[PDB]
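The structure under discussion appears below in the form of structure tokens.
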Amino acid sequence: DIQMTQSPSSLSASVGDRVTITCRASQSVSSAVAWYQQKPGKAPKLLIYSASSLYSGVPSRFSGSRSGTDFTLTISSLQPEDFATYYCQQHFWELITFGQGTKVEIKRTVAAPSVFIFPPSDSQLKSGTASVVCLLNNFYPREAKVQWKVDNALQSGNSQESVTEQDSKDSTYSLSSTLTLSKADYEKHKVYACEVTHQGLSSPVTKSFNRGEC
Amino acid sequence: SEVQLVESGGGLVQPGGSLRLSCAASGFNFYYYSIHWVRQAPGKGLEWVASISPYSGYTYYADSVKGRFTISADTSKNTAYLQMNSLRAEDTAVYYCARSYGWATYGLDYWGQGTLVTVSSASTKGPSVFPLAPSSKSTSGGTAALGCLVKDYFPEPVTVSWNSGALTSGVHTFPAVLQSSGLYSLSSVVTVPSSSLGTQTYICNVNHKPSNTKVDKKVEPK
Amino acid sequence: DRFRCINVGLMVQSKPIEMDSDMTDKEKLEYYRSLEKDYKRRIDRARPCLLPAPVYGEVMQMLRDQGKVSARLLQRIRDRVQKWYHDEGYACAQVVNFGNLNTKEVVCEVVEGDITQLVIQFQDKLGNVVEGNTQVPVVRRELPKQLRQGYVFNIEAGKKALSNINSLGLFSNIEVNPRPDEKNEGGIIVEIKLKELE
């Protein structure tokens, strides 16, 4: 099937840079490619309608360009109002196909997270469920690896992480990682830890507790 | 001059159910334009789902939806419609209605506001708020973190405030994650000075308007 | 409720078109129709392609046996058209766009592989590419007219060159190769690599 490959998945850029996002059609079948900008919580807006034509009321910093099966969106001097997700789209008659997207984020200094462990609440063991919480606060960049160690063993399937939007003031990321278990499994095993790997950590740190001892 | 689209309909449905969405075309003559329906999954990319041809009534559907969705349009009231049947969980998405002039050669210029279609074997449910114990052994000096765990609820949204809005600096209300139950779970943390732990006691004000639940819980060390 | 014609145009040329603000849709039908008119103008300005009538007919029968025009059918049409082009030794030919004048008229745009420049690269006995215009005047003759700039490249003309110059006994290895011309969109460079005897 026709498939657009949009790259990069995300790039980080500073206000004033010229940013280029490319996406590639899997076959030379259509020049009817469009570029859209979408800011979170809103509806995508049209930037480029033909493969290179500037749409009405769009600022002049946006440009489109084609080379074979390669389509390129280009911003001259990044303004603050251009941080969003960008999507390329093609019209192979009925087949309307979108690229996977590109998230344009704010460039900032590397900053390791602060890591906090959390035992299940004392109320929660009186409901049958247990929730161990690992918090990674104020870090950059986004790439982070939380590893759950129950008695020096990995845990998969029972860990869910959520990640915040970039901080509106300091431009950082915060992440939570919940490890949900049952009361019996929590009562049997002893040492619960969450090990964090990040760029700004020279070595992976690990926050650990022992259940019941303060 | 720029009069636009409103998607109507949409809501909660169960697996196997059905729904019909409307799309009201105000200010444009949708004979020269083509009406397309595009869906965006929760926190995911864009996916084209259906399209109607300008002038003529040619109907095109995505293979993920073929055989369960039918697009239509009423020329009188300037309206388009999308019928969804044999609904599955993977159809959970926001559904946009957008026009493109001509056929299959120009851009989707004017989009709609959107509409959410949740497909769950659901139960409107208030949450259970649990405390996040602050750390006696202050791990990262200077500051300690405490928060709440809104564990089991449906549907969205919940609002978590801190000390009735007084504590705002340092609060991170994380996006909700749906578990293998059909119920969401979020946490809301905040970093405060390690000194102010014993003097100041912090409380969460969780609020779940769809279920009219209003839990307020104090978080203190054990 | 069908598709009446398949036009097949060959495209190199250049395009302009500009843009404006004050998007009163009432009006902006202006721009979205000026583009249609310009596309018709382009389709008449354009050069017709090398597709013969039988293959036009076969593509149109594929289009009729399926009332509705699907992108998979367009893919099959592309496969057939490129099959014809390559079968006649038009190695560089390729489809690049499937435009529309209305939902009933399909416009297939091809790049046939016109020749923009002729390049002759000489190599010394050991294969080290060298310079030298002492053999160029004689190798320019014994080259078919059809290899000069202004024609669509065909591998048969390449074979005719590869045999005409071969008959002189002046090179131990002769190759005729088309290459994508980086300075021209869709143009082709015919390079002729000659490797000398000893």
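Letters A, B, ... go to the chains of the structure tokens in the order shown; residues in each chain start at 1; ligands are counted from 1 in the same order.
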Just asking: which residues within chain C are helix (DSSP H, G or I) according to DSSP, as a PyMOL selection string? chain C and resi 25-45+53-65+71-87+136-140+145-147+155-164+166-168
9 Å contacts from chain B to chain A using only C-alpha atoms, as an NGL selection string: :B and (44-51 or 60-62 or 96 or 103-114 or 130-136 or 139-140 or 144-145 or 149 or 151 or 172-177 or 179 or 186-187 or 189 or 191 or 222)
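We find CA of residue 19 in chain C and CA of residue 57 in chain A to be spaced 9.7 Å apart.
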Would you list the contacts of residue 84 in chain B as a compact mmCIF listing (two decimals) with C-alpha atoms, in the first residue's frame, taking every protein, DNA or RNA residue within 8 Å and counting only C-alpha atoms, but skipping same-chain residues closer than 5 positions in sequence?
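The file below, result24.txt, is the result:
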```txt
# COMPACT_ATOMS: atom_id res chain seq x y z
CA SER B 18 -23.69 1.97 16.59
CA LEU B 19 -23.57 5.74 16.23
CA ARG B 20 -24.29 8.47 13.70
CA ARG B 68 -19.22 -1.00 8.96
CA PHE B 69 -19.29 2.72 8.10
CA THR B 70 -21.41 4.58 5.57
```
Using only C-alpha atoms, what does the table of chain B residues within 10 Å of chain C look like, with each row giving the shortest atom pair and its distance in Å to one decimal, sorted by chain and ascending number, as CSV?
```
residue,atom,partner,partner_atom,distance
B:1,CA,C:24,CA,5.1
B:2,CA,C:24,CA,6.5
B:3,CA,C:25,CA,8.6
B:27,CA,C:25,CA,7.7
B:28,CA,C:25,CA,6.6
B:29,CA,C:26,CA,8.5
B:32,CA,C:29,CA,8.5
B:33,CA,C:29,CA,9.8
B:53,CA,C:103,CA,8.0
B:54,CA,C:103,CA,8.3
B:55,CA,C:103,CA,9.3
B:56,CA,C:1,CA,7.8
B:57,CA,C:1,CA,8.9
B:58,CA,C:68,CA,8.0
B:59,CA,C:68,CA,9.4
B:60,CA,C:70,CA,8.7
B:101,CA,C:32,CA,7.1
B:102,CA,C:102,CA,7.6
B:103,CA,C:103,CA,6.5
B:104,CA,C:100,CA,8.0
B:105,CA,C:99,CA,6.9
B:106,CA,C:32,CA,8.9
```
Between C:110, C:62, C:152, C:81, which one has atoms that come closest to residue 95 in chain C, using only C-alpha atoms? C:110
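The shortest atom-to-atom distance to chain C, with only C-alpha atoms taken into account, belongs to A:53 out of A:6, A:14, A:53, A:77.
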Could you find all residues in range 60-142 of chain B that DSSP calls strand (DSSP E or B) from the backbone, and write them as number ranges by chain? B: 60-61, 69-74, 79-84, 93-101, 108-112, 116-119, 125, 129-132
Using only C-alpha atoms, find which residues of chain C lie within 6 Å of chain A and jot them down as a PyMOL selection string. chain C and resi 20-21+71+96-98
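Between CA of residue 196 in chain C and CA of residue 124 in chain C the separation is 5.6 Å.
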I'd like the neighbourhood of range 188-194 of chain A as a list in words, where a residue qualifies if any of its atoms comes within 8 Å (using only C-alpha atoms), though same-chain residues fewer than 6 positions away should be ignored. residues 117, 134, 146, 147, 148, 149, 150, 151, 206, 207, 208, 209, 210 and 211 of chain A
Please compute the CA of residue 166 in chain C-CA of residue 93 in chain C distance, one decimal, in Å. 26.9 Å
Tell me, as JSON, numbers by chain, which residues lie within 8 Å of residue 213 in chain B, counting only C-alpha atoms; anything in the same chain fewer than 3 positions away does not count. {"B": [126, 127, 207, 208, 209, 210]}
